[PDB]
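Visitor: Once you've seen the sequence and the experimental structure below, I've got questions.
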Amino acid sequence: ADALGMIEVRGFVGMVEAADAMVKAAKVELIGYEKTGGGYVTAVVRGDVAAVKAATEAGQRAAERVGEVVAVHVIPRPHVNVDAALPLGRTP
Amino acid sequence: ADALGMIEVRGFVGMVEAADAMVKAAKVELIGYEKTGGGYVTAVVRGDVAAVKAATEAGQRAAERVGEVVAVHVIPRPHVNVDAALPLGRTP
Amino acid sequence: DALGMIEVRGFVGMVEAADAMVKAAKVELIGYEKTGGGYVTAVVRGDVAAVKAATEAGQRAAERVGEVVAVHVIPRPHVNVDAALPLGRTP
Amino acid sequence: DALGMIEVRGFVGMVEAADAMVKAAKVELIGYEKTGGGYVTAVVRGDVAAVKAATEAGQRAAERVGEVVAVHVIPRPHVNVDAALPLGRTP
Amino acid sequence: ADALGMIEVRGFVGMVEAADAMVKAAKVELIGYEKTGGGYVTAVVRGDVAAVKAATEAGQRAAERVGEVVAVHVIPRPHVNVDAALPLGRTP
Amino acid sequence: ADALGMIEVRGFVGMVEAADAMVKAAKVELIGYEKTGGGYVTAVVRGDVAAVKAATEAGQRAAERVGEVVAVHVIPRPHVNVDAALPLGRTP
Amino acid sequence: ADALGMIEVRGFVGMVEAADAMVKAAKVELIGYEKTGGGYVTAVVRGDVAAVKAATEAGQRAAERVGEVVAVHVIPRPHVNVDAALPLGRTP
Amino acid sequence: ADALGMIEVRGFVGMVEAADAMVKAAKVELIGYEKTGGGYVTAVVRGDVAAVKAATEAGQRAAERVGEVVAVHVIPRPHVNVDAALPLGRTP
Amino acid sequence: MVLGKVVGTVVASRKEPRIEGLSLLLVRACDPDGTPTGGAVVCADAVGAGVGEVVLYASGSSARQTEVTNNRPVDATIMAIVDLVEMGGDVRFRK
Amino acid sequence: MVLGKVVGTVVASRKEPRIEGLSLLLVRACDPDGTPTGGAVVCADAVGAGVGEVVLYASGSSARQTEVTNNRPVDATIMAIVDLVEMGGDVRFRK
């Protein structure tokens, strides 16, 4: 049950640079992205606990130089029912 | 029939943290999420009536830390005819 | 058959409306239509008095928890509408 | 290889921004990604210094038409991105 | 796991009337009392989720009437680890 | 269900003189004392409901002449769950 | 051995809610609690470093809702001599 | 006789963080801790003077960042009668 | 300022808070060929360098003359992503 | 800033008073395996580091850009406690 970190940006370029620097900053598996419509895009990362916290903190600072950035949050141990009911990767 | 709880959020991140704290609050079943476009996203849970009351209120307090919460509602006995057409986890 | 609709910038408001509608009259809930941009529309069908009574419960019930955009009732849709639009009663 | 992206709230802005980039330097236009809600995004790829000079030639050509949300250059995206995002150059 | 209801009063008397009112107000099981020293005393109740929420709110009305109420809180479905390591009555 | 009377006083002397005045006022049984730390102590008496009502309001007027009286209370029927989990002199 | 996370509350309730939220936040092992007397109690958790930090600063926030929070601190790796003299679990 | 170093902290975490940093700074044996109730706790270290003197000066700086810190003192040569009558470890 | 090839990443959870959000990288000095020949040294990124890229990392008292790297405690930071290395007019390294 | 594994402590009683209360530690640079291979260097703690922990110590004029290390005379200080060290995508070090 690897951790979970997410970054949601209204633009698109924001997500990519956030997606990239999140991967370049720690050992993480970039798991995909989720388009919620209205332009909002969300990057989803998963991996060991201490790494997500570094990528997240890094992606926020790395995307802000592009602008926007709506929300940023990190879940260390997602409940079994989450990864199973939602498309955050780790679904069996 | 099993109850119904709903959180709507302008931001995918809001829905997840809303979902996580919810399943952790009481014994409810997270069945999925519904995307209305425009960045609006809704989490849906079913279970005992008392749990939904306690689970939902744990989400608003948990989602308000992140994204703006559109709506928060609780359905004790939804009609039989509803569960047939809408994607609420109890479709026969 | 007659028609009845509610649309609420917010998937929640639609559901609470659909309950109060189904719970309030002998009407058949056909489904829901998502128009994009956060706007979604509920569709009910049945006898006019039922719909005209059902919808009144919907607007009054969604206004408590939703931003209601529009609420309307058609007593007899022309045959062509049911043919093109997805309102259940479509042969 | 490197990466170039331009994001406009208008289908037109993206095209002229794309055209100016291809005409400015040795870059390959790969396609575009619709994020919904208006916003569209151009993606180019090629050597790093050309992209940097390509974008600042596209941003200049889109500033004539309307607003331009973002312009960015990644000199070498991590291998893991290219395999998970529609940025062409996928394995 | 049964819910959790707690009442913490700075007077042993305040705790008791709070305890009695709870087991009188809802179908709850009273486990015991935890004296943290310094005049502070904590009553612990467990039972169904709603009953606890009803018991506590029903107990507080009685305790503020005859004692310095300190804290009133409810935990709907506590973790396995808590009941496994802490003296809250549902220990194996 | 033998009733219950209690008196909580900050200081030992208050408890004793309050206690002695109780057992002299009506037919009740003094069962012991509870030290909650921080100087607070509590006297506990059991008996029929009329005695405690006459016993307590006799100890108060006798303890009020010595020390800081915290609280004074009487329960005419502790729920059997209380008498079981708490040291109130009627645990089976 | 493992890292260290500690939360110290002037009320038994605050610590419990602080404890429950901590385990629900990350993969951490709750060990127990050490009563320093005079009100003050202390929750003790242990586990990998980043999980504790994400647990505590989620517990500290989850405990401030109920009452006061005296102190919150995190030791990444306690010296070998501590584990042998203090009840921090992991003692030989 | 081995030297003596002491830190007395209102909390509990204050002692631990003080205890650790005292150990990490020089060759010292953490010999135990003494709870005087009311929240006050005291850590006791012993060793060569120049080691204690560095640990003590270090422990103060490490605990103040949590707060409290009541007293900080160092005894180079405890009289034999102390070590025999008080629990500072080196007691025959 | 030294030639360098990124080799890996370091993740610290207990760190001086002035730096949090910074990206810590592991670099080995390389000959102007891409052949890493040295010991691993850490430095913070300010240009978005990734693993396997050839970079310049500045060192010492002057490694703070960069935004979001100012009064932070850091003695080595990246400042460039190399594109080609000339020797006498013959290229030894390309992208 | 260089990887390092703590090895020991140094105790000075006659020192510049600006620094009293500083915790002096002994670190050897380590290869990205946790196996110390280098020369002993002293540095003050600002993060609460202990023996046996793998750390980053910054050095020089920029080793003072941290409180309780300001205009104090210190040219090497710890600033982080590593948790994992990646190399090319395969973890070479853990807690």
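Guide: Perfect, thanks for sending it. Numbers count the residues shown, from 1 in each chain, chains lettered A, B, ... in the order given.

Visitor: show me the contacts for residue I:5.
Guide: With Cβ atoms under 8 Å, 6 or more residues apart in numbering or on different chains as the criterion, the residues that contact residue I:5 are I:27-28, I:30, I:34, I:36, I:52-55. Heads up, the C-betas are built off the backbone N, CA and C, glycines and all.

Visitor: Narrow these to just the buried residues.
Guide: Using 16 or more other Cβ atoms under 10 Å in any protein chain shown as the burial test, those include I:27-28, I:30, I:36, I:53-55 as buried.

Visitor: Strands - which of those residues land there?
Guide: In this view, the buried ones among the contacts of residue I:5 that belong to strands under DSSP state E are I:27-28, I:54-55.

Visitor: Relative to chain E, which of those residues is nearest.
Guide: residue I:27 (42.3 Å; Cβ to the nearest Cβ).

Visitor: ok, the closest one touching residue I:45?
Guide: No. Counting by Cβ atoms under 8 Å, residue I:27 sits too far from residue I:45 to count as a contact (10.0 Å).

Visitor: Quick one: the strands in chain A, in order.
Guide: A:3-9, A:29-35, A:41-47, A:71-75.

Visitor: Longest helix of chain A, counting residues only.
Guide: The longest helix of chain A (DSSP state H) is helix A:49-64.

Visitor: Now that one: buried residues?
Guide: By neighbour count on 16+ other Cβ under 10 Å, the buried set for helix A:49-64 is A:49-64.

Visitor: nearest to residue B:40, of the buried ones among the contacts of residue I:5?
Guide: residue I:53 (39.8 Å; Cβ to Cβ).

Visitor: For residue D:74, see how far away the closest one is.
Guide: Shown here: residue I:53 relative to residue D:74, a distance of 11 Å by Cβ to Cβ, to the nearest Å.

Visitor: Closest residue of chain A to chain F?
Guide: Checked against chain F (Cβ to the nearest Cβ), the nearest residue in chain A is residue A:79, 33.4 Å away.

Visitor: Quick one: residues contacting that residue.
Guide: Contact analysis of residue A:79 by Cβ under 8 Å, 6+ apart lists B:20, B:23-24.

Visitor: Would you mind checking which of the residues you listed is nearest to residue I:81?
Guide: Nearest member of those to residue I:81, counting by Cβ to Cβ, is residue B:20, at 38.4 Å.

Visitor: quick one: that closest one from chain H, how far?
Guide: According to Cβ to the nearest Cβ, to the nearest Å, residue B:20 stands 28 Å off from chain H.

Visitor: Wait, that residue touches residue A:76, no?
Guide: No. Between residue B:20 and residue A:76 there is no contact under Cβ under 8 Å: 10.3 Å.

Visitor: rewinding a little: near chain D too, which of the ones in strands among the buried ones among the contacts of residue I:5?
Guide: Among these, proximity to chain D is found for none (Cβ under 8 Å from any Cβ of the partner chain).

Visitor: Now distance to residue I:93 too, for the residues you listed, in CSV please.
Guide: Listed next are these as CSV, based on distance: Cβ to Cβ, whole Å:
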residue, distance to residue I:93
I:27, 16
I:28, 15
I:54, 7
I:55, 12
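
Visitor: Enumerate the residues of chain I near chain A.
Guide: I:9, I:11-13, I:20-24, I:45, I:48-51, I:68.

Visitor: If we use 7 Å, what do you get?
Guide: Within reach of chain A by Cβ under 7 Å from any Cβ of the partner chain, chain I has these residues: I:9, I:11, I:13, I:20-21, I:23, I:48, I:50-51.

Visitor: Name the nearest of those relative to chain D.
Guide: Among the residues of chain I next to chain A, and counting by Cβ to the nearest Cβ, the member closest to chain D is residue I:50, at 5.2 Å.

Visitor: what residues are up against the closest residue to the closest one other than its chain neighbours?
Guide: Residue nearest to residue I:50 in three dimensions, not counting chain neighbours: residue A:24, with 4.3 Å by Cβ to Cβ, 6 or more residues apart in numbering or on different chains. Going by Cβ atoms under 7 Å, 6 or more residues apart in numbering or on different chains, residue A:24 touches D:78, I:23, I:50-51.

Visitor: try 8 Å
Guide: D:78, I:9, I:23, I:45, I:48-51.

Visitor: which residues sit in contact with residue I:63?
Guide: Counting by Cβ under 8 Å, 6+ apart, residue I:63 has contacts I:43, I:69, I:74-77, J:62.

Visitor: Kindly report the residues of chain A close to chain B.
Guide: A:4, A:6-8, A:10, A:34, A:36-40, A:42, A:70-73, A:75, A:78-79, A:81-82, A:85-86, A:88.

Visitor: Repeat the analysis, applying 6 Å as the threshold.
Guide: A:6, A:8, A:34, A:36-38, A:40, A:42, A:70-71, A:73, A:75, A:79, A:81-82, A:85 (Cβ under 6 Å from any Cβ of the partner chain).

Visitor: strand partners of the longest strand anywhere in chain I, parallel vs antiparallel please.
Guide: Taking DSSP E as the criterion, chain I has its longest strand at strand I:2-15. Looking at strand I:2-15 with DSSP bridges, its partner strands are strand I:23-28 (antiparallel), strand I:54-59 (antiparallel), strand J:76-87 (antiparallel).

Visitor: what about residue I:68, how many neighbours?
Guide: Neighbour count of residue I:68, defined by other Cβ atoms under 10 Å in any protein chain shown: 12.

Visitor: Could you look up the SS state of it?
Guide: The assignment at residue I:68 comes out as coil when based on DSSP: H, G, I helix; E, B strand; the rest coil.

Visitor: gap between it and residue H:65?
Guide: From residue I:68 to residue H:65 the distance is 26 Å (Cβ to Cβ).

Visitor: Mind telling me which residue of chain I is nearest chain H?
Guide: residue I:17 (12.3 Å).

Visitor: And the contacts of residue A:24, which is closest to residue I:84?
Guide: residue I:49 (16.6 Å).

Visitor: Phi and psi next, for that closest one.
Guide: Here is the backbone geometry of residue I:49 (degrees, to the nearest 10): phi -80, psi 150.

Visitor: neighbours of it, just the number please.
Guide: 25.

Visitor: How about residue A:29?
Guide: 16.

Visitor: Now for it: which residues touch it?
Guide: By Cβ atoms under 6 Å, 6 or more residues apart in numbering or on different chains, residue A:29 lies in contact with A:46-47.

Visitor: is it true that residue A:44 touches residue A:7?
Guide: No. Judged on Cβ atoms under 6 Å, residue A:44 makes no contact with residue A:7 at a distance of 8.5 Å.

Visitor: Between the two, point out the one with more neighbours.
Guide: Between residue A:44 and residue A:7, residue A:7 has the larger neighbour count (other Cβ under 10 Å), namely 31 against 24.

Visitor: re the thing from before, tell me the one of the buried residues of helix A:49-64 nearest residue J:95?
Guide: For these, the nearest to residue J:95 is residue A:50 (8.1 Å; Cβ to Cβ).
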